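Working notes, structure below.
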Amino acid sequence: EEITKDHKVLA
Amino acid sequence: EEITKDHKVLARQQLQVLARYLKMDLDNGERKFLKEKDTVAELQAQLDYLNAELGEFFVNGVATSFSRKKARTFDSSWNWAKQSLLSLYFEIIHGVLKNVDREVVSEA
Amino acid sequence: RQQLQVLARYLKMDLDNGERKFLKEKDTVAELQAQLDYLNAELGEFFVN
Amino acid sequence: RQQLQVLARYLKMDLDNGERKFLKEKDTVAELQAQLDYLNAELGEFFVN
Amino acid sequence: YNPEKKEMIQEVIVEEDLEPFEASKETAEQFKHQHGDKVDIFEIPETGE
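Residue numbers (the entry's author numbering), protein chains in the order written: chain A, 329 to 339; chain B, 329 to 436; chain C, 340 to 388; chain D, 340 to 388; chain E, 1114 to 1162.
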């Protein structure tokens, strides 16, 4: 879930 | 596709927020389109009624055909007289008219 | 405006689609109204009514 | 503000959660203080101290 | 009363948190009493609403 983790971190 | 759906929903919400701030009506074109589609439907209902009333043949046949620019004038009878004389002359000499028939008399 | 355009482009949202459909439909309205105006000029208001 | 609320919604972050917990704890403080005030009205300041 | 336009109300489930709106203390408390944990009520220290 690295991509969704990056999504959440940017948000 | 849960993650992509969530990201799409976030982008959608951000777009709605920006449109609200900009006072931009995203649905305005659609509303105008549905109003115009209703207008198309009512005008088409009127045309369909007139076609059911007068018929396809009548409605098609009342189509305008006259225009002033399309009128053709023929007045060069001087030239046509000379041409007809030459035509009759050559027909007589070439023998297309061996005798004085009524066509020769009419051309004369 | 630029941020909204970027988001719309990402979302594959055509902001001008409704307006385009509206102008097409307005042209259709004009053409149907032209036919009705011709039939009214031809048969007359009294006959059509 | 609207952009922040959109991001909080996406992140599933409850901005009001700390406030809700604080009001619940404040009600708990009020009820415990009511209990202590009753015991002080009952036994007196001298006895309780 | 217009029988062509007869008022009804449709029950729906709120799909997204609505923007907060101001209300009195009593009115907000009634809303909280109704909705339980499905509403948040917060005092405004500026005006007490």
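Quick reminder that beta carbons are idealized off the backbone N, C-alpha and C, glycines included.
Within this structure, are the beta carbons of residue i and residue j separated by less than 9 Å?
{"i": "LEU350 of chain C", "j": "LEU378 of chain B", "result": "no"}
{"i": "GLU1159 of chain E", "j": "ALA1136 of chain E", "result": "no"}
{"i": "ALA347 of chain C", "j": "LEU375 of chain B", "result": "no"}
{"i": "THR367 of chain B", "j": "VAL387 of chain C", "result": "no"}
{"i": "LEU371 of chain C", "j": "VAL390 of chain B", "result": "no"}
{"i": "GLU435 of chain B", "j": "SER412 of chain B", "result": "yes"}
{"i": "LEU425 of chain B", "j": "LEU416 of chain B", "result": "yes"}
{"i": "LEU354 of chain B", "j": "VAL345 of chain D", "result": "no"}
{"i": "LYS1138 of chain E", "j": "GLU1156 of chain E", "result": "yes"}
{"i": "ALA1141 of chain E", "j": "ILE1154 of chain E", "result": "yes"}
List, in order along the chain, the chain D residues whose C-beta lies closer than 9 Å to that of residue i?
{"i": "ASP334 of chain B", "result": "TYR349"}
Any heavy atom of the ligand MG inside 8 Å of the beta-carbon of residue i?
{"i": "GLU419 of chain B", "result": "Absence of the ligand MG from the depicted structure is noted, as is the absence of any ligand whatsoever, leaving it without description."}
For residue i, which residues in chain C fall below 7 Å Cβ to Cβ?
{"i": "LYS365 of chain B", "result": "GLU364"}
{"i": "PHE361 of chain B", "result": "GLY357, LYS360, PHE361 and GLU364"}
{"i": "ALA339 of chain B", "result": "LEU346, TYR349 and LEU350"}
{"i": "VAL368 of chain B", "result": "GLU364, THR367, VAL368 and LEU371"}
{"i": "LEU375 of chain B", "result": "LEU371, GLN374 and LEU375"}
So is residue i buried or exposed if we call it buried at 16+ other beta carbons inside 10 Å?
{"i": "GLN1123 of chain E", "result": "exposed"}
{"i": "residue 281 of chain B", "result": "With chain B represented from 329 up to 436, any question about residue 281 of chain B goes unanswered, as that position is not in the structure."}
Name the chain D residues that come within less than 8 Å of residue i, Cβ to Cβ?
{"i": "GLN342 of chain B", "result": "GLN342 and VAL345"}
{"i": "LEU354 of chain B", "result": "Chain D residues near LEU354 of chain B: none, gap ~15 Å exceeds 8 Å."}
Mind listing the chain E neighbours of residue i? Cutoff is C-beta to C-beta under 9 Å, in chain order.
{"i": "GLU358 of chain D", "result": "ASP1153 and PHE1155"}
For residue i, which residues in chain D fall below 7 Å Cβ to Cβ?
{"i": "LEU382 of chain B", "result": "Residues of chain D passing the Cβ test: none, with the nearest at roughly 59 Å."}
Residues of chain C with a CB under 9 Å from the CB of residue i: which are they?
{"i": "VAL390 of chain B", "result": "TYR377, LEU378, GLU381 and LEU382"}
In chain C, what lies closer than 8 Å to residue i by C-beta?
{"i": "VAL387 of chain B", "result": "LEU378"}
Original post:
Can you give, in chain order, each stretch of the alpha helix (DSSP H) that sits fully within the stretch 349-406 of chain B and has at least 4 residues?
Top reply: 356-382 and 384-389
**OP:** Evaluate contact between the stretch 357-370 of chain C and the stretch 351-365 of chain B, counting only Cβ atoms and requiring at least three cross-stretch pairs below 8 Å.
**Re:** These segments touch.
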